[PDB]
């Protein structure tokens, strides 16, 4: 039938060579023959979307920052340092753990971009702190992060899936992190910018979100590619896993946001913002969202942000 690229079936990627006990002829990535065109689309978009926090003049936020009380400034520093922890987990553990579970050679390196870009997300919060926060505010937020059990329980929840040996459960975790877990925190800068506070910070948040949306979409796309090849029984087991894990993380997120926002009255609103994105996460894995309009209500000024 004159099949093209027969060498591909006669060889292995380098990570497969390592996994199989140092066996097989290794092939180079072939960027001229992309097995799944979606991989090329995603590579192009994520690399075109490269940014660094220094491009945004956060120093122009100083005037509005100084109109916030010490308590609001503390809330922001704590919230963002908690987001930094989740991005640190995804950059150093979660996205790199997806590399060896890839379906294609191109996907392997796409996840190296995801890991690096999430590292940029984590670096960005610190860039904001360098401009706006005192040394004491920064240090107290770090001490609060390590000592706040509701925060740590969310940080601990997904790590075993990345380290253990079930690639589909690891993939679900890899979609859950960008698709759900940081939105309760992203609510805060959008609430503030809707009120004229910290506009340049919200520009950074929007650059972070532009990356996160693609990370969630792409991990959900790869999840569906593998799950569709399973038996109906195993597909049913995996759907039950996804829903059980999501509901577990929703409960952990609710407890955390209630503590984080207790003095400010933002938790119930932030939780609806979070759960709206939980529904988007489910849809990106091929499932219907069970959440009601009232459970997911976002006010127009927030949705504008």
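Positions refer to the first chain, counted from 1.
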On mean Cα temperature factor in this entry, is 295-303 or 2-10 the higher one? 295-303
Between 265-273 and 52-60, which has the higher average C-alpha B-factor in the PDB entry? 265-273
Sorting 215, 210, 195, 222 by Cα temperature factor from the record, which one lands on top? 195
Out of 88, 127, 231, 77, residue topping the C-alpha B-factor column of the entry: 231
How does residue 43 rank on Cα B-factor within its chain, lowest, middle or highest third? lowest
Compare the C-alpha B factor of residue 243 with those of the other modelled residues in its chain, then answer lowest, middle or highest third. highest
Going by the entry, which third of its chain does the Cα temperature factor of residue 169 land in? middle
Comparing against every modelled residue in the chain, figure out the third that the C-alpha B-factor of residue 235 lands in (lowest, middle or highest). highest
In terms of the CA temperature factor given in the entry, to which third of its chain does residue 176 belong: lowest, middle or highest? middle
